[PDB]
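So you can see what is in the structure, the chains are spelled out below.
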Amino acid sequence: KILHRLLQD
Amino acid sequence: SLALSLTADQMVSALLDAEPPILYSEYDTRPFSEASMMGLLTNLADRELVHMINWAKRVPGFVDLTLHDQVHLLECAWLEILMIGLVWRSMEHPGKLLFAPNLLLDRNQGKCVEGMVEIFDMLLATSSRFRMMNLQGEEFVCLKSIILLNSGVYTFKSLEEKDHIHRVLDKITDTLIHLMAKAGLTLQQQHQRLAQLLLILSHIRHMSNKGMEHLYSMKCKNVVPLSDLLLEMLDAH
Ligand SMILES: NS(=O)(=O)c1ccc2c(c1)[C@@H]1CCC[C@@H]1[C@H](c1ccc(O)cc1)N2
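Residues numbered from 1 in each chain as written, not as in the entry; some residues may be left out. Chains lettered and ligands numbered in written order. Heavy atoms only, no water. Residues with missing side-chain atoms left out of burial classes, pairs and counts.

Per the PDB entry, chain B goes by the name Estrogen Receptor and belongs to Homo sapiens.

Okay, structure coming up:
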């Protein structure tokens, strides 16, 4: 989840 | 895709340019308690993970992957990557681990946390090995990228994806050999050194698995709270 956010930024 | 048509020198440059910064520990630095050392490391690892995620995006081939696959690789590799970074930074400090410039710990400070000194010893042994081998920065960045691409590849069409990863991995192998050939190593020496480097990755995997056990063991004991991101990454194992 957080990983998904950070991977898209 | 882009990564496959890069020259060896272009690959190395890209990887060097992608390197995350070295971060500082919180300065707030007396003799350490179990909870305090734990707190420092946890906080540091969490901050490091953010930079690693952004580093990964700059590794040629990585963004070519689907989001699901990028996630899988990072979940599989993150602690290995932190560890090889730590070991690299610690090379110029025999007998010590440079967690940050303001957090350089010796083996006996590993005893502050229960079950930590085992992992410390393994990390120190790895640092010695890199020193004995005279590991170069250009080799290091290659190895770090191999860990990212390799560590989750066997546990995923998710076949053309695997193939791409294996093609990128092949490119990094070419890049490692290139560097060795440029350094004037004989053919024999090149294949020997390549083997020696890749065999250390088995030990790094082992350290990661032990460290993951340790980390899950500290979660259960709730001795300090872990960040949301660390817990997310830990849950993935
Ligand atoms: N004691 S803990 O608070 O459970 C805890 C928290 C974070 C971490 C650990 C352990 C393990 C123990 C050895 C280092 C390792 C790790 C770490 C931290 C920063 C790095 O650049 C590399 C690795 N993170």
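Engineer: How do you make sense of the overall build of chain B when you look at a structure like this?
Structural biologist: Scanning chain B from N- to C-terminus turns up nine helices and two strands. Each helix (α) and strand (β) of chain B, taken in turn from the N terminus, gives the series α-α-α-α-β-β-α-α-α-α-α. Against the 2.2 N^0.38 benchmark of 18 Å for 237 residues, chain B shows a C-alpha radius of gyration of 18 Å, consistent with a compact globule. Seen through its principal axes, chain B has C-alpha atoms that stretch 50 × 40 × 25 Å. (Helix = DSSP H or I, 4+ residues; strand = E, 2+ residues; numbered from the N terminus. Rg over C-alpha atoms; globule rule 2.2 N^0.38 Å.)

Engineer: So what exactly am I meant to see when it comes to the pairing of strand β2 (residues 103-106) of chain B here?
Structural biologist: Along any regular strand the residues' side chains alternate between the sheet's two faces. Residues and elements named next belong to chain B. Only one face of β2 is buried, namely the one carrying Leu 103 and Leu 105, since none of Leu 104 and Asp 106 on the opposite face is buried. Of the strand pairs in this sheet, strand β1 (residues 96-100) and β2 are connected by four bridges, and their pairing is antiparallel. Following the sheet pairing, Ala 100 is matched in β2 by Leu 103. Taken together, β1 and the strand that follows it, β2, pair antiparallel across an intervening segment of two residues. (Buried < 20%, exposed > 50% of the residue type's maximum accessible area, 1.4 Å probe, protein only. Pairing = 2+ DSSP bridges.)

Engineer: Is there a simple way to think about the UniProt feature "binding site: 17beta-estradiol" in chain B in this case?
Structural biologist: Residues and elements named next belong to chain B. The UniProt record annotates "binding site: 17beta-estradiol" at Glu 48, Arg 89 and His 214. The topology assignment puts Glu 48 in helix α3 (residues 34-57). In contact with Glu 48, other than residues within four places in its own chain, are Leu 23, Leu 82 and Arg 89. Structurally, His 214 is set in helix α8 (residues 187-220). Look past the residues within four positions of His 214 in its chain and what remains in contact with it is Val 113, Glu 114, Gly 115, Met 116 and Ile 119. A polar contact is formed between the side chain of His 214 and the backbone oxygen of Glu 114, at a distance of 3.1 Å. (UniProt positions renumbered as here; feature names shortened; annotations may be inferred. Contact = heavy atoms within 4.5 Å. Polar contact = N/O pair within 3.5 Å; in protein donor to acceptor, adjacent residues only side chain to side chain.)

Engineer: How should the packing of aromatic side chains be read in this particular structure?
Structural biologist: Note on aromatic pairs: each is described by the distance of the centres and the angle between the planes. Residues and elements named next belong to chain B. Inspection of every chain in the model, using the stated rule, returns two aromatic pairs over all chains. Ring geometry for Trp 88 and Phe 140: centres 4.9 Å apart, planes at 10°, overall stacked. Taken together, the residues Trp 88 in helix α4 (residues 67-89) and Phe 140 in helix α6 (residues 137-150) connect sequence positions 52 residues apart. Overall, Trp 88 belongs to the partly exposed group, its relative accessible area being 27%. The exposure class of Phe 140 is buried, given its relative accessible area of 2%. (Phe/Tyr/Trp six-rings, centres within 6.5 Å; stacked < 30°, edge-to-face > 60°.)

Engineer: How do you make sense of the site of the ligand when you look at a structure like this?
Structural biologist: All names here are of chain B. Around the ligand, the surrounding shell consists of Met 38, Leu 41, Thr 42, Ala 45, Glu 48, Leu 82, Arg 89, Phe 99, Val 113, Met 116 and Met 218. Residue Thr 42 places a side-chain N or O atom 3.4 Å away from an oxygen atom belonging to the ligand. Between the ligand and the protein, one listed contact pairs an oxygen atom with a side-chain N or O atom of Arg 89 at 3.0 Å. Mapped onto the shell around the ligand, the elements with two or more residues apiece are α3 and α4. No other element matches α3, which puts five residues into the shell around the ligand. (Near = heavy atom within 4 Å.)

Engineer: Just checking my understanding: could you explain the environment of B:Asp64 for this structure?
Structural biologist: Residue and element names in this part refer to chain B. Secondary-structure assignment places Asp 64 in the loop between α3 and α4. Residue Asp 64 is classed as partly exposed on the basis of its relative accessible area of 35%. Those residues in contact with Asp 64 that lie beyond four places of it in its chain are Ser 1 and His 164.

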